[PDB]
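K.L.:
You'll find my_file_7.cif just under this line, and it carries mmCIF, N, CA and C atoms.
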```cif
data_entry
loop_
_atom_site.label_atom_id
_atom_site.label_comp_id
_atom_site.auth_asym_id
_atom_site.auth_seq_id
_atom_site.Cartn_x
_atom_site.Cartn_y
_atom_site.Cartn_z
N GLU A 174 -25.10 -64.77 90.23
CA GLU A 174 -26.32 -65.52 90.49
C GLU A 174 -26.06 -67.02 90.39
N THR A 175 -25.55 -67.45 89.24
CA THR A 175 -25.25 -68.86 89.01
C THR A 175 -24.28 -69.04 87.85
N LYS A 176 -22.99 -68.92 88.14
CA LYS A 176 -21.96 -69.06 87.12
C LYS A 176 -22.13 -68.03 86.02
N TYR A 177 -21.83 -66.77 86.34
CA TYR A 177 -21.95 -65.69 85.37
C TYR A 177 -23.40 -65.50 84.95
N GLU A 178 -24.32 -65.87 85.83
CA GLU A 178 -25.75 -65.74 85.54
C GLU A 178 -26.15 -66.62 84.37
N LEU A 179 -26.02 -67.93 84.55
CA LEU A 179 -26.37 -68.89 83.51
C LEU A 179 -27.76 -69.47 83.74
N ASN A 180 -28.66 -68.65 84.29
CA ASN A 180 -30.02 -69.09 84.56
C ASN A 180 -30.72 -69.54 83.29
N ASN A 181 -30.67 -68.70 82.26
CA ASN A 181 -31.29 -69.02 80.98
C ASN A 181 -30.67 -70.27 80.37
N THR A 182 -29.38 -70.47 80.61
CA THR A 182 -28.67 -71.62 80.08
C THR A 182 -29.21 -72.92 80.68
N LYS A 183 -29.50 -72.89 81.97
CA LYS A 183 -30.03 -74.06 82.67
C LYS A 183 -31.29 -74.58 81.98
N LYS A 184 -32.10 -73.66 81.47
CA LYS A 184 -33.33 -74.03 80.79
C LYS A 184 -33.04 -74.61 79.41
N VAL A 185 -31.96 -74.14 78.79
CA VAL A 185 -31.57 -74.62 77.47
C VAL A 185 -31.19 -76.09 77.51
N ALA A 186 -30.37 -76.46 78.49
CA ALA A 186 -29.92 -77.84 78.64
C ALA A 186 -31.06 -78.73 79.13
N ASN A 187 -31.88 -78.19 80.02
CA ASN A 187 -33.01 -78.94 80.57
C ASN A 187 -34.03 -79.27 79.48
N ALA A 188 -34.04 -78.45 78.43
CA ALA A 188 -34.96 -78.66 77.32
C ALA A 188 -34.80 -80.05 76.72
N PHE A 189 -33.55 -80.51 76.65
CA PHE A 189 -33.26 -81.83 76.09
C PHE A 189 -34.06 -82.91 76.81
N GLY A 190 -34.42 -82.65 78.06
CA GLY A 190 -35.18 -83.61 78.84
C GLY A 190 -34.29 -84.60 79.57
N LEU A 191 -34.04 -84.34 80.84
CA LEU A 191 -33.20 -85.21 81.65
C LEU A 191 -33.73 -85.31 83.08
N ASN A 192 -33.53 -84.25 83.86
CA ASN A 192 -33.99 -84.22 85.24
C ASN A 192 -33.65 -82.89 85.90
N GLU A 193 -32.36 -82.69 86.19
CA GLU A 193 -31.91 -81.46 86.82
C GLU A 193 -30.39 -81.48 87.03
N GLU A 194 -29.88 -82.63 87.46
CA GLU A 194 -28.45 -82.79 87.70
C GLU A 194 -27.68 -82.81 86.39
N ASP A 195 -28.24 -83.48 85.39
CA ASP A 195 -27.60 -83.57 84.08
C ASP A 195 -27.40 -82.19 83.47
N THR A 196 -28.42 -81.34 83.60
CA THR A 196 -28.35 -79.99 83.06
C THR A 196 -27.22 -79.19 83.70
N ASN A 197 -27.15 -79.24 85.03
CA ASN A 197 -26.11 -78.52 85.76
C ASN A 197 -24.73 -79.04 85.39
N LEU A 198 -24.63 -80.35 85.20
CA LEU A 198 -23.36 -80.98 84.84
C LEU A 198 -22.83 -80.42 83.52
N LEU A 199 -23.74 -80.18 82.58
CA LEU A 199 -23.36 -79.64 81.28
C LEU A 199 -22.75 -78.25 81.41
N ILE A 200 -23.42 -77.39 82.16
CA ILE A 200 -22.95 -76.03 82.38
C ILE A 200 -21.62 -76.02 83.13
N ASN A 201 -21.43 -77.02 83.98
CA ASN A 201 -20.21 -77.13 84.77
C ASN A 201 -19.00 -77.37 83.86
N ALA A 202 -19.20 -78.14 82.80
CA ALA A 202 -18.13 -78.44 81.86
C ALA A 202 -17.82 -77.23 80.98
N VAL A 203 -18.87 -76.59 80.47
CA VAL A 203 -18.71 -75.42 79.62
C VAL A 203 -18.16 -74.24 80.41
N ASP A 204 -18.81 -73.92 81.52
CA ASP A 204 -18.39 -72.81 82.37
C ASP A 204 -16.94 -73.00 82.83
N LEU A 205 -16.58 -74.23 83.14
CA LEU A 205 -15.23 -74.54 83.58
C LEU A 205 -14.23 -74.44 82.43
N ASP A 206 -14.65 -74.88 81.25
CA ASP A 206 -13.80 -74.84 80.07
C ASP A 206 -13.43 -73.40 79.73
N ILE A 207 -14.42 -72.52 79.72
CA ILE A 207 -14.19 -71.11 79.41
C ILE A 207 -13.35 -70.44 80.49
N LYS A 208 -13.63 -70.76 81.74
CA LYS A 208 -12.90 -70.19 82.87
C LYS A 208 -11.41 -70.47 82.74
N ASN A 209 -11.07 -71.66 82.27
CA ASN A 209 -9.67 -72.05 82.10
C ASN A 209 -8.99 -71.18 81.04
N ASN A 210 -9.78 -70.69 80.09
CA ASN A 210 -9.26 -69.84 79.03
C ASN A 210 -9.16 -68.39 79.48
N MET A 211 -9.98 -68.03 80.46
CA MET A 211 -9.99 -66.67 80.99
C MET A 211 -8.58 -66.23 81.39
N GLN A 212 -7.76 -67.20 81.79
CA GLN A 212 -6.39 -66.91 82.20
C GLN A 212 -5.64 -66.18 81.09
N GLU A 213 -6.05 -66.40 79.85
CA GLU A 213 -5.42 -65.77 78.70
C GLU A 213 -6.18 -64.52 78.28
N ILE A 214 -7.50 -64.56 78.43
CA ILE A 214 -8.35 -63.43 78.06
C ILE A 214 -7.85 -62.14 78.70
N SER A 215 -7.92 -61.05 77.95
CA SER A 215 -7.48 -59.75 78.44
C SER A 215 -8.39 -59.26 79.57
N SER A 216 -7.90 -59.36 80.80
CA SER A 216 -8.67 -58.93 81.96
C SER A 216 -7.77 -58.80 83.19
N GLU A 217 -7.92 -57.69 83.91
CA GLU A 217 -7.12 -57.45 85.10
C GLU A 217 -8.00 -56.96 86.25
N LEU A 218 -8.72 -55.87 86.02
CA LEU A 218 -9.60 -55.30 87.04
C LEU A 218 -8.80 -54.86 88.26
N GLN A 219 -9.50 -54.36 89.27
CA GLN A 219 -8.86 -53.90 90.50
C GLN A 219 -9.90 -53.60 91.58
N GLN A 220 -10.52 -54.65 92.10
CA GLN A 220 -11.53 -54.51 93.14
C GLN A 220 -11.08 -55.17 94.44
N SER A 221 -10.47 -56.34 94.32
CA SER A 221 -9.99 -57.07 95.48
C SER A 221 -11.15 -57.45 96.40
N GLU A 222 -11.78 -58.58 96.12
CA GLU A 222 -12.91 -59.05 96.92
C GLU A 222 -12.94 -60.57 96.97
N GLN A 223 -13.26 -61.12 98.14
CA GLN A 223 -13.32 -62.56 98.32
C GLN A 223 -14.75 -63.00 98.63
N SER A 224 -14.99 -64.31 98.54
CA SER A 224 -16.31 -64.86 98.81
C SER A 224 -16.28 -66.39 98.82
N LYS A 225 -16.92 -66.99 99.81
CA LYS A 225 -16.96 -68.44 99.93
C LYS A 225 -17.88 -69.04 98.87
N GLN A 226 -17.38 -70.06 98.17
CA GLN A 226 -18.16 -70.72 97.14
C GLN A 226 -18.67 -72.07 97.62
N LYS A 227 -19.08 -72.12 98.88
CA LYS A 227 -19.60 -73.35 99.47
C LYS A 227 -18.57 -74.48 99.38
N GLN A 228 -19.00 -75.69 99.71
CA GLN A 228 -18.11 -76.85 99.66
C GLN A 228 -18.88 -78.10 99.25
N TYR A 229 -18.18 -79.23 99.18
CA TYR A 229 -18.79 -80.49 98.80
C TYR A 229 -18.79 -81.47 99.97
N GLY A 230 -19.51 -82.58 99.80
CA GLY A 230 -19.57 -83.59 100.85
C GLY A 230 -19.61 -85.00 100.29
N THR A 231 -19.03 -85.94 101.04
CA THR A 231 -18.99 -87.33 100.62
C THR A 231 -19.67 -88.23 101.64
N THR A 232 -20.46 -89.19 101.15
CA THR A 232 -21.16 -90.12 102.03
C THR A 232 -20.38 -91.42 102.20
N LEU A 233 -20.54 -92.05 103.35
CA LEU A 233 -19.85 -93.30 103.64
C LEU A 233 -20.48 -94.02 104.83
N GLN A 234 -21.31 -95.02 104.55
CA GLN A 234 -21.97 -95.77 105.60
C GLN A 234 -20.97 -96.60 106.39
N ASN A 235 -21.46 -97.30 107.41
CA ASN A 235 -20.60 -98.13 108.25
C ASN A 235 -20.75 -99.61 107.89
N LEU A 236 -21.97 -100.12 108.01
CA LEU A 236 -22.24 -101.52 107.69
C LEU A 236 -21.31 -102.45 108.47
N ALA A 237 -21.65 -102.71 109.72
CA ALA A 237 -20.85 -103.59 110.57
C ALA A 237 -20.76 -104.99 109.98
N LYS A 238 -20.14 -105.90 110.72
CA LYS A 238 -19.99 -107.28 110.27
C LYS A 238 -20.97 -108.20 111.00
N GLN A 239 -21.42 -109.24 110.31
CA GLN A 239 -22.36 -110.19 110.89
C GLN A 239 -21.67 -111.07 111.92
N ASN A 240 -22.46 -111.72 112.77
CA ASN A 240 -21.93 -112.59 113.81
C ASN A 240 -22.86 -113.77 114.07
N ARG A 241 -22.70 -114.83 113.28
CA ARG A 241 -23.53 -116.02 113.42
C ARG A 241 -22.72 -117.28 113.17
N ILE A 242 -22.30 -117.93 114.25
CA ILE A 242 -21.51 -119.15 114.15
C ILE A 242 -22.32 -120.37 114.60
N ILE A 243 -22.63 -120.42 115.89
CA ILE A 243 -23.41 -121.52 116.45
C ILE A 243 -24.76 -121.04 116.97
N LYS A 244 -24.72 -120.16 117.96
CA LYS A 244 -25.94 -119.62 118.55
C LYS A 244 -25.67 -118.30 119.26
N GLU B 2 -16.39 -73.42 67.14
CA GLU B 2 -16.09 -74.43 68.15
C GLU B 2 -14.67 -74.27 68.68
N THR B 3 -14.16 -73.04 68.63
CA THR B 3 -12.81 -72.75 69.10
C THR B 3 -12.78 -71.46 69.92
N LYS B 4 -13.91 -71.13 70.52
CA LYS B 4 -14.02 -69.92 71.34
C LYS B 4 -13.05 -69.98 72.52
N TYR B 5 -13.10 -71.08 73.27
CA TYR B 5 -12.24 -71.26 74.42
C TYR B 5 -11.87 -72.73 74.60
N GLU B 6 -11.66 -73.42 73.49
CA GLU B 6 -11.29 -74.83 73.52
C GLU B 6 -12.39 -75.66 74.19
N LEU B 7 -13.58 -75.64 73.60
CA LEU B 7 -14.71 -76.39 74.14
C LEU B 7 -14.96 -77.65 73.33
N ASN B 8 -13.88 -78.28 72.88
CA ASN B 8 -13.98 -79.51 72.09
C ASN B 8 -14.75 -80.58 72.85
N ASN B 9 -14.34 -80.82 74.10
CA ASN B 9 -14.99 -81.82 74.93
C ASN B 9 -16.44 -81.43 75.22
N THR B 10 -16.68 -80.13 75.33
CA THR B 10 -18.02 -79.63 75.61
C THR B 10 -19.01 -80.05 74.53
N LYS B 11 -18.61 -79.88 73.27
CA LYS B 11 -19.46 -80.25 72.15
C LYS B 11 -19.87 -81.71 72.24
N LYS B 12 -18.96 -82.55 72.72
CA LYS B 12 -19.24 -83.98 72.86
C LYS B 12 -20.19 -84.24 74.02
N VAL B 13 -20.11 -83.40 75.04
CA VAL B 13 -20.97 -83.53 76.21
C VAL B 13 -22.43 -83.25 75.86
N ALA B 14 -22.65 -82.16 75.14
CA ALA B 14 -24.00 -81.78 74.73
C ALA B 14 -24.54 -82.73 73.66
N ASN B 15 -23.67 -83.15 72.75
CA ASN B 15 -24.06 -84.05 71.68
C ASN B 15 -24.45 -85.42 72.24
N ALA B 16 -23.92 -85.75 73.40
CA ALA B 16 -24.21 -87.03 74.05
C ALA B 16 -25.71 -87.22 74.22
N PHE B 17 -26.41 -86.13 74.53
CA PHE B 17 -27.85 -86.17 74.73
C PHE B 17 -28.55 -86.77 73.51
N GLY B 18 -27.92 -86.64 72.35
CA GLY B 18 -28.49 -87.17 71.13
C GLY B 18 -29.41 -86.17 70.44
N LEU B 19 -28.88 -85.48 69.44
CA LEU B 19 -29.65 -84.49 68.70
C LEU B 19 -29.30 -84.52 67.22
N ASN B 20 -28.13 -83.98 66.88
CA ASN B 20 -27.67 -83.95 65.50
C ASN B 20 -26.29 -83.29 65.40
N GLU B 21 -26.26 -81.97 65.54
CA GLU B 21 -25.00 -81.23 65.47
C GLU B 21 -25.24 -79.74 65.72
N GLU B 22 -26.31 -79.21 65.14
CA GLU B 22 -26.64 -77.80 65.30
C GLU B 22 -27.13 -77.52 66.72
N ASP B 23 -27.92 -78.43 67.27
CA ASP B 23 -28.45 -78.28 68.62
C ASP B 23 -27.31 -78.18 69.64
N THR B 24 -26.29 -79.01 69.47
CA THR B 24 -25.15 -79.01 70.37
C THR B 24 -24.41 -77.68 70.33
N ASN B 25 -24.13 -77.21 69.12
CA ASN B 25 -23.43 -75.94 68.95
C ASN B 25 -24.25 -74.78 69.50
N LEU B 26 -25.56 -74.85 69.32
CA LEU B 26 -26.46 -73.81 69.80
C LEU B 26 -26.36 -73.67 71.32
N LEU B 27 -26.22 -74.79 72.01
CA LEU B 27 -26.11 -74.80 73.46
C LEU B 27 -24.87 -74.04 73.92
N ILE B 28 -23.73 -74.36 73.31
CA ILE B 28 -22.47 -73.71 73.65
C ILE B 28 -22.53 -72.22 73.34
N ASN B 29 -23.30 -71.85 72.33
CA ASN B 29 -23.44 -70.45 71.94
C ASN B 29 -24.10 -69.64 73.05
N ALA B 30 -25.05 -70.25 73.74
CA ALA B 30 -25.76 -69.59 74.83
C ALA B 30 -24.87 -69.47 76.06
N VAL B 31 -24.21 -70.56 76.42
CA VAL B 31 -23.33 -70.58 77.58
C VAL B 31 -22.11 -69.70 77.36
N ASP B 32 -21.42 -69.91 76.24
CA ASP B 32 -20.24 -69.13 75.91
C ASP B 32 -20.56 -67.64 75.86
N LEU B 33 -21.74 -67.31 75.34
CA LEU B 33 -22.17 -65.92 75.23
C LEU B 33 -22.51 -65.35 76.61
N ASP B 34 -23.00 -66.22 77.49
CA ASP B 34 -23.36 -65.81 78.84
C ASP B 34 -22.12 -65.46 79.66
N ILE B 35 -21.12 -66.33 79.60
CA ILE B 35 -19.88 -66.11 80.33
C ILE B 35 -19.12 -64.91 79.78
N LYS B 36 -19.10 -64.78 78.46
CA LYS B 36 -18.41 -63.68 77.81
C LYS B 36 -18.95 -62.33 78.29
N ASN B 37 -20.27 -62.27 78.47
CA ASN B 37 -20.92 -61.05 78.93
C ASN B 37 -20.45 -60.68 80.33
N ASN B 38 -20.17 -61.69 81.14
CA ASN B 38 -19.71 -61.47 82.51
C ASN B 38 -18.20 -61.26 82.56
N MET B 39 -17.50 -61.78 81.55
CA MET B 39 -16.06 -61.64 81.48
C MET B 39 -15.64 -60.18 81.61
N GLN B 40 -16.51 -59.28 81.17
CA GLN B 40 -16.23 -57.85 81.24
C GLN B 40 -15.92 -57.43 82.67
N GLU B 41 -16.47 -58.16 83.63
CA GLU B 41 -16.25 -57.86 85.04
C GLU B 41 -15.24 -58.83 85.65
N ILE B 42 -15.65 -60.08 85.80
CA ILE B 42 -14.78 -61.10 86.37
C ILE B 42 -13.43 -61.14 85.67
N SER B 43 -12.37 -61.41 86.43
CA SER B 43 -11.03 -61.47 85.87
C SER B 43 -10.14 -62.41 86.68
N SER B 44 -8.85 -62.43 86.37
CA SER B 44 -7.91 -63.29 87.06
C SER B 44 -6.47 -62.87 86.76
N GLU B 45 -5.58 -63.10 87.72
CA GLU B 45 -4.17 -62.75 87.56
C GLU B 45 -3.30 -63.99 87.56
N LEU B 46 -3.84 -65.10 87.07
CA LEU B 46 -3.11 -66.36 87.02
C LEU B 46 -2.58 -66.63 85.61
N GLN B 47 -1.63 -67.55 85.51
CA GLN B 47 -1.04 -67.90 84.22
C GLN B 47 -0.05 -69.05 84.37
N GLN B 48 1.06 -68.79 85.05
CA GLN B 48 2.08 -69.80 85.26
C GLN B 48 2.55 -70.38 83.93
N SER B 49 2.82 -69.51 82.97
CA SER B 49 3.27 -69.94 81.65
C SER B 49 4.02 -68.81 80.94
N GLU B 50 3.46 -67.61 81.00
CA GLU B 50 4.07 -66.45 80.36
C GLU B 50 4.22 -66.67 78.86
N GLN B 51 4.93 -65.76 78.20
CA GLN B 51 5.14 -65.85 76.76
C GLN B 51 6.62 -65.74 76.42
N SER B 52 7.21 -64.59 76.75
CA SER B 52 8.62 -64.36 76.47
C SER B 52 9.10 -63.07 77.14
N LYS B 53 8.24 -62.05 77.13
CA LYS B 53 8.57 -60.77 77.73
C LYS B 53 7.45 -60.30 78.66
N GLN B 54 7.41 -60.87 79.86
CA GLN B 54 6.39 -60.51 80.83
C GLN B 54 6.67 -61.17 82.18
N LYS B 55 7.58 -60.58 82.94
CA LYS B 55 7.94 -61.11 84.25
C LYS B 55 7.99 -60.00 85.29
N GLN B 56 8.34 -60.36 86.53
CA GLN B 56 8.42 -59.39 87.61
C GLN B 56 7.07 -58.73 87.85
N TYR B 57 7.03 -57.81 88.81
CA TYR B 57 5.80 -57.10 89.14
C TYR B 57 4.74 -58.06 89.65
N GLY B 58 3.60 -57.51 90.07
CA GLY B 58 2.52 -58.33 90.57
C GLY B 58 1.87 -57.74 91.81
N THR B 59 1.28 -58.60 92.63
CA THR B 59 0.61 -58.15 93.85
C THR B 59 0.22 -59.33 94.73
N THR B 60 -0.04 -59.05 96.00
CA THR B 60 -0.43 -60.09 96.95
C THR B 60 -1.87 -59.91 97.41
N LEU B 61 -2.71 -59.39 96.52
CA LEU B 61 -4.12 -59.16 96.84
C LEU B 61 -5.02 -60.09 96.03
N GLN B 62 -6.32 -60.00 96.28
CA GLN B 62 -7.29 -60.83 95.57
C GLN B 62 -7.14 -60.67 94.06
N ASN B 63 -7.31 -61.77 93.33
CA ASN B 63 -7.19 -61.75 91.87
C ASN B 63 -8.51 -62.13 91.22
N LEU B 64 -9.29 -62.95 91.90
CA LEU B 64 -10.59 -63.39 91.39
C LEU B 64 -11.57 -62.23 91.33
N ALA B 65 -12.02 -61.78 92.50
CA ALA B 65 -12.96 -60.67 92.58
C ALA B 65 -14.21 -60.94 91.74
N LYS B 66 -15.19 -61.61 92.35
CA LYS B 66 -16.43 -61.93 91.66
C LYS B 66 -17.58 -61.07 92.18
N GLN B 67 -17.82 -59.95 91.50
CA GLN B 67 -18.89 -59.04 91.89
C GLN B 67 -19.54 -58.40 90.67
N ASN B 68 -20.75 -57.88 90.85
CA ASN B 68 -21.47 -57.24 89.76
C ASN B 68 -21.90 -55.83 90.14
N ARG B 69 -21.25 -54.84 89.53
CA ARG B 69 -21.56 -53.44 89.81
C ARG B 69 -22.10 -52.74 88.57
N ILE B 70 -21.69 -53.23 87.40
CA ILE B 70 -22.13 -52.65 86.14
C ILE B 70 -23.65 -52.61 86.05
N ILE B 71 -24.30 -53.55 86.73
CA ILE B 71 -25.76 -53.62 86.74
C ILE B 71 -26.35 -52.67 87.77
N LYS B 72 -27.46 -52.03 87.41
CA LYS B 72 -28.13 -51.10 88.30
C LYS B 72 -29.64 -51.08 88.04
#
```
Would you write the structure of this file as structure tokens?
P.N.:
Amino acid sequence: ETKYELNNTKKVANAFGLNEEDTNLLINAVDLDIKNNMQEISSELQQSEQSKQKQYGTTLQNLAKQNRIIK
Amino acid sequence: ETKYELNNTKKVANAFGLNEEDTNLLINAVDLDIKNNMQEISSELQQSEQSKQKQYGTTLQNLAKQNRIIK
């Protein structure tokens, strides 16, 4: 659903009072921290399944150059 | 505060400004949430080994993020 189903967690961080992005950022650090340890955690499984986890995007305006010398 | 090396995490939650118990409580919810899912999700990564664990393996999916235990 949302990072091992961290729906309830989102409300926990949001309780502190921020907005919405701050809360998600917190879970991103914790969820990522634990995930890095999973490599050691006893787990193998055998299902073999893939899935796209969306992507990110970057903004970049153009903002041309001015042109005013004489007229 | 040593479940999965969440040292930096504690500082992230504490940043909001609370005291100390509130921060730990947050990690308890997140860490507990991921742990519950750990039973399913797994991984075949490492790139470190220990001393006696080489050879063998597979060229199939290692992540496999699905939920079947739930019904």
K.L.:
How would you write, as a ChimeraX atom specification, the set of residues in chain B that DSSP gives as helix (DSSP H, G or I)?
P.N.:
/B:8-15,22-39
K.L.:
Using only C-alpha atoms, give me every residue within 7 Å of (-15.8, -76.2, 76.2) in file coordinates, as a list in words.
P.N.:
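Residues with an atom close enough to that point: residues 202, 203, 206 and 207 of chain A; 5, 6, 7, 8, 9, 10 and 11 of chain B.
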K.L.:
Based on only C-alpha atoms, which of the residues in chain A come within 8 Å of chain B? I want them as a VMD selection string.
P.N.:
chain A and resid 176 to 179 182 185 to 186 189 199 to 200 202 to 204 206 to 207 210 to 213 216 to 218 220 to 224
K.L.:
Atoms to include: N, CA and C atoms. Write the selected residues as a PDB file, in the coordinates of the input.
P.N.:
```
ATOM      1  N   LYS A 176     -22.990 -68.920  88.140  1.00  0.00           N
ATOM      2  CA  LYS A 176     -21.960 -69.060  87.120  1.00  0.00           C
ATOM      3  C   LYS A 176     -22.130 -68.030  86.020  1.00  0.00           C
ATOM      4  N   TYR A 177     -21.830 -66.770  86.340  1.00  0.00           N
ATOM      5  CA  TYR A 177     -21.950 -65.690  85.370  1.00  0.00           C
ATOM      6  C   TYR A 177     -23.400 -65.500  84.950  1.00  0.00           C
ATOM      7  N   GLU A 178     -24.320 -65.870  85.830  1.00  0.00           N
ATOM      8  CA  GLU A 178     -25.750 -65.740  85.540  1.00  0.00           C
ATOM      9  C   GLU A 178     -26.150 -66.620  84.370  1.00  0.00           C
ATOM     10  N   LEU A 179     -26.020 -67.930  84.550  1.00  0.00           N
ATOM     11  CA  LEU A 179     -26.370 -68.890  83.510  1.00  0.00           C
ATOM     12  C   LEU A 179     -27.760 -69.470  83.740  1.00  0.00           C
ATOM     13  N   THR A 182     -29.380 -70.470  80.610  1.00  0.00           N
ATOM     14  CA  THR A 182     -28.670 -71.620  80.080  1.00  0.00           C
ATOM     15  C   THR A 182     -29.210 -72.920  80.680  1.00  0.00           C
ATOM     16  N   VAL A 185     -31.960 -74.140  78.790  1.00  0.00           N
ATOM     17  CA  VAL A 185     -31.570 -74.620  77.470  1.00  0.00           C
ATOM     18  C   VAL A 185     -31.190 -76.090  77.510  1.00  0.00           C
ATOM     19  N   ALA A 186     -30.370 -76.460  78.490  1.00  0.00           N
ATOM     20  CA  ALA A 186     -29.920 -77.840  78.640  1.00  0.00           C
ATOM     21  C   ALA A 186     -31.060 -78.730  79.130  1.00  0.00           C
ATOM     22  N   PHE A 189     -33.550 -80.510  76.650  1.00  0.00           N
ATOM     23  CA  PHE A 189     -33.260 -81.830  76.090  1.00  0.00           C
ATOM     24  C   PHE A 189     -34.060 -82.910  76.810  1.00  0.00           C
ATOM     25  N   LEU A 199     -23.740 -80.180  82.580  1.00  0.00           N
ATOM     26  CA  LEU A 199     -23.360 -79.640  81.280  1.00  0.00           C
ATOM     27  C   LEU A 199     -22.750 -78.250  81.410  1.00  0.00           C
ATOM     28  N   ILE A 200     -23.420 -77.390  82.160  1.00  0.00           N
ATOM     29  CA  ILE A 200     -22.950 -76.030  82.380  1.00  0.00           C
ATOM     30  C   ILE A 200     -21.620 -76.020  83.130  1.00  0.00           C
ATOM     31  N   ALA A 202     -19.200 -78.140  82.800  1.00  0.00           N
ATOM     32  CA  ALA A 202     -18.130 -78.440  81.860  1.00  0.00           C
ATOM     33  C   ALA A 202     -17.820 -77.230  80.980  1.00  0.00           C
ATOM     34  N   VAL A 203     -18.870 -76.590  80.470  1.00  0.00           N
ATOM     35  CA  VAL A 203     -18.710 -75.420  79.620  1.00  0.00           C
ATOM     36  C   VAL A 203     -18.160 -74.240  80.410  1.00  0.00           C
ATOM     37  N   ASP A 204     -18.810 -73.920  81.520  1.00  0.00           N
ATOM     38  CA  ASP A 204     -18.390 -72.810  82.370  1.00  0.00           C
ATOM     39  C   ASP A 204     -16.940 -73.000  82.830  1.00  0.00           C
ATOM     40  N   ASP A 206     -14.650 -74.880  81.250  1.00  0.00           N
ATOM     41  CA  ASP A 206     -13.800 -74.840  80.070  1.00  0.00           C
ATOM     42  C   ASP A 206     -13.430 -73.400  79.730  1.00  0.00           C
ATOM     43  N   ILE A 207     -14.420 -72.520  79.720  1.00  0.00           N
ATOM     44  CA  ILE A 207     -14.190 -71.110  79.410  1.00  0.00           C
ATOM     45  C   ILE A 207     -13.350 -70.440  80.490  1.00  0.00           C
ATOM     46  N   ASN A 210      -9.780 -70.690  80.090  1.00  0.00           N
ATOM     47  CA  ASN A 210      -9.260 -69.840  79.030  1.00  0.00           C
ATOM     48  C   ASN A 210      -9.160 -68.390  79.480  1.00  0.00           C
ATOM     49  N   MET A 211      -9.980 -68.030  80.460  1.00  0.00           N
ATOM     50  CA  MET A 211      -9.990 -66.670  80.990  1.00  0.00           C
ATOM     51  C   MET A 211      -8.580 -66.230  81.390  1.00  0.00           C
ATOM     52  N   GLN A 212      -7.760 -67.200  81.790  1.00  0.00           N
ATOM     53  CA  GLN A 212      -6.390 -66.910  82.200  1.00  0.00           C
ATOM     54  C   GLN A 212      -5.640 -66.180  81.090  1.00  0.00           C
ATOM     55  N   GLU A 213      -6.050 -66.400  79.850  1.00  0.00           N
ATOM     56  CA  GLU A 213      -5.420 -65.770  78.700  1.00  0.00           C
ATOM     57  C   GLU A 213      -6.180 -64.520  78.280  1.00  0.00           C
ATOM     58  N   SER A 216      -7.900 -59.360  80.800  1.00  0.00           N
ATOM     59  CA  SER A 216      -8.670 -58.930  81.960  1.00  0.00           C
ATOM     60  C   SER A 216      -7.770 -58.800  83.190  1.00  0.00           C
ATOM     61  N   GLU A 217      -7.920 -57.690  83.910  1.00  0.00           N
ATOM     62  CA  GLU A 217      -7.120 -57.450  85.100  1.00  0.00           C
ATOM     63  C   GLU A 217      -8.000 -56.960  86.250  1.00  0.00           C
ATOM     64  N   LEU A 218      -8.720 -55.870  86.020  1.00  0.00           N
ATOM     65  CA  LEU A 218      -9.600 -55.300  87.040  1.00  0.00           C
ATOM     66  C   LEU A 218      -8.800 -54.860  88.260  1.00  0.00           C
ATOM     67  N   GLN A 220     -10.520 -54.650  92.100  1.00  0.00           N
ATOM     68  CA  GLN A 220     -11.530 -54.510  93.140  1.00  0.00           C
ATOM     69  C   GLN A 220     -11.080 -55.170  94.440  1.00  0.00           C
ATOM     70  N   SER A 221     -10.470 -56.340  94.320  1.00  0.00           N
ATOM     71  CA  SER A 221      -9.990 -57.070  95.480  1.00  0.00           C
ATOM     72  C   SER A 221     -11.150 -57.450  96.400  1.00  0.00           C
ATOM     73  N   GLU A 222     -11.780 -58.580  96.120  1.00  0.00           N
ATOM     74  CA  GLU A 222     -12.910 -59.050  96.920  1.00  0.00           C
ATOM     75  C   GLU A 222     -12.940 -60.570  96.970  1.00  0.00           C
ATOM     76  N   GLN A 223     -13.260 -61.120  98.140  1.00  0.00           N
ATOM     77  CA  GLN A 223     -13.320 -62.560  98.320  1.00  0.00           C
ATOM     78  C   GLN A 223     -14.750 -63.000  98.630  1.00  0.00           C
ATOM     79  N   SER A 224     -14.990 -64.310  98.540  1.00  0.00           N
ATOM     80  CA  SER A 224     -16.310 -64.860  98.810  1.00  0.00           C
ATOM     81  C   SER A 224     -16.280 -66.390  98.820  1.00  0.00           C
TER      82      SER A 224
END
```
K.L.:
Quick one: distance from atom N of residue 15 of chain B to atom C of residue 188 of chain A in Å, one decimal?
P.N.:
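Straight-line distance from atom N of residue 15 of chain B to atom C of residue 188 of chain A works out to 12.2 Å.
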K.L.:
Working over all C-alpha atoms in order, superimpose chain A onto chain B by least squares and state the RMSD in Å.
P.N.:
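Between chain B and chain A, the C-alpha RMSD is 17.8 Å.
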K.L.:
May I ask for the distance between atom N of residue 70 of chain B and atom C of residue 175 of chain A, given in Å to one decimal place?
P.N.:
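Those two atoms sit 16.0 Å apart.
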K.L.:
Could you jot down the atom C of residue 184 of chain A to atom C of residue 197 of chain A separation for me, Å, one decimal place?
P.N.:
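So the answer is 11.2 Å.
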